[PDB]
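Trainee: Give me the fold of what follows.
(one chain, ligands or ions: 3)
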Amino acid sequence: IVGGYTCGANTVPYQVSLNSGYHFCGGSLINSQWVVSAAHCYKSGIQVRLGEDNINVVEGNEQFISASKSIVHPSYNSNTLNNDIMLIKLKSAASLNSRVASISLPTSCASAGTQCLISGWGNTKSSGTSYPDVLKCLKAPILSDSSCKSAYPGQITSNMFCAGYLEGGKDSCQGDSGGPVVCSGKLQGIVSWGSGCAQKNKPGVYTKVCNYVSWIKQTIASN
Ligand SMILES: NC(=[NH2+])c1ccc2[nH]c(-c3ccccc3O)nc2c1
Ligand SMILES: [Ca+2]
Ligand SMILES: [Mg+2]
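Mentor: Numbering: from 1, shown residues only. Ligands and ions are numbered 1, 2, ... in the order given. Below is the structure:
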């Protein structure tokens, strides 16, 4: 996250870190047994780490649980990143408490202009590399589809939306993929892609979760 701030320990209690010997993507806890992340974060051998603040220090509020199964969206296209969403089931149910909580799925899609909270342990430099060990947060509004499509011609589908600032300076970045975009208390997006980080007229692109609620609900109930 570039141009964001330190969230605070366990202030984003639904945030998860996917680890395969190291942190490689974020995710969101939607209930005690399931996590939603981005399909491009798919790997075999994932351990989900809940209640994390610093990812390099065991501070006492963590739960490390291995995944029993991963389900990438049936229509995920790795070339365009259309339908960039996946579900991960935990081998054991997480214990929810103040530091580990689930986020609610939306009942409708949010409007352009709505402010959301984006979080993750990704790169914090637009031109450079600096990976933080504590969770970073960013409040950013959903942009109009017209500004999103003008920035990325022929690349935005109805399952994507842009959030951020066209001036640049603030954006999600590599290491943040699969993480949450929460607006009005609902999980409305998943960090998917962008062009570099925090560049002018190149906002971040997020998977539009409101279009997948029926698939998520149906899939977790059958697995
Ligand atoms: N600028 C952005 N809004 C952004 C967000 C997440 C990203 N994740 C990545 C990424 C790059 C290489 C491999 C995996 C990634 O998730 N680039 C990203 C760019
Ligand atoms: Ca830790
Ligand atoms: Mg994240």
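Trainee: is stretch 172-179 anywhere near ligand 1?
Mentor: Yes. Counting by C-beta under 6 Å from any ligand atom, contacts between stretch 172-179 and ligand 1 involve 172, 173, 174, 176, 177. Any C-beta I mention is one placed from the backbone N, CA and C, and that applies to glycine too.
Trainee: So the nearest residue to residue 164 once chain neighbours are set aside versus residue 145, what's the distance?
Mentor: With sequence-adjacent residues excluded and distances taken as C-beta to C-beta, 6 or more residues apart in numbering, residue 164 is closest to residue 203, at 3.5 Å. From residue 203 over to residue 145 the distance is 11 Å, taken as C-beta to C-beta, to the nearest Å.
Trainee: if you count what's nearby, which of the two comes out ahead?
Mentor: Neighbour tally, residue 203 and residue 145, criterion other C-beta atoms under 10 Å: the higher count belongs to residue 203, 28 against 14.
Trainee: for that one, what are its contacts?
Mentor: Counting by C-beta atoms under 8 Å, 6 or more residues apart in numbering, residue 203 touches 143, 147, 148, 151, 162, 163, 164, 165, 166, 171, 194.
Trainee: Try it again at 6 Å.
Mentor: Remark: with contacts taken as C-beta atoms under 6 Å, 6 or more residues apart in numbering, residue 203 is in contact with 143, 162, 164.
Trainee: what do you get for residue 223?
Mentor: Applying C-beta under 6 Å, 6+ apart, one finds that residue 223 lies in contact with no residue.
Trainee: repeat that for 8 Å
Mentor: 69, 71, 87, 89.
Trainee: count of neighbours near the third one?
Mentor: Going back to what we said before, that points to residue 87. A total of 23 residues lie near residue 87 under the criterion other C-beta under 10 Å.
Trainee: Does it touch residue 68 like I think?
Mentor: No. Using C-beta atoms under 8 Å, residue 87 is not in contact with residue 68; the gap is 11.4 Å.
Trainee: domain assignment for this structure?
Mentor: Here the domain assignment for the chain is 1-12+103-210, 13-102+211-223, based on curated CATH domains.
Trainee: Endpoints of the shortest one, how far apart?
Mentor: From its first residue to its last, domain 13-102+211-223 covers 24 Å (C-alpha to C-alpha, to the nearest Å).
Trainee: Over to stretch 79-95?
Mentor: Distance across stretch 79-95, first residue to last, is 37 Å (C-alpha to C-alpha).
Trainee: try stretch 198-210
Mentor: The distance separating the two terminal residues of stretch 198-210, taken as C-alpha to C-alpha, comes to 25 Å.
Trainee: In this structure, which residue sits nearest ligand 1?
Mentor: Of all residues in the chain, residue 194 sits closest to ligand 1, at 2.4 Å by C-beta to the nearest ligand atom.
Trainee: any idea which of the contacts of residue 223 is closest to residue 216?
Mentor: Proximity of the contacts of residue 223 to residue 216, judged by C-beta to C-beta, is greatest for residue 87, which lies at 6.6 Å.
Trainee: what are the phi and psi values for residue 209?
Mentor: The phi and psi values for residue 209, taken as degrees, to the nearest 10, are phi -50, psi -30.
Trainee: What number of residues are in the vicinity of it?
Mentor: For residue 209, the count of nearby residues is 26 (other C-beta under 10 Å).
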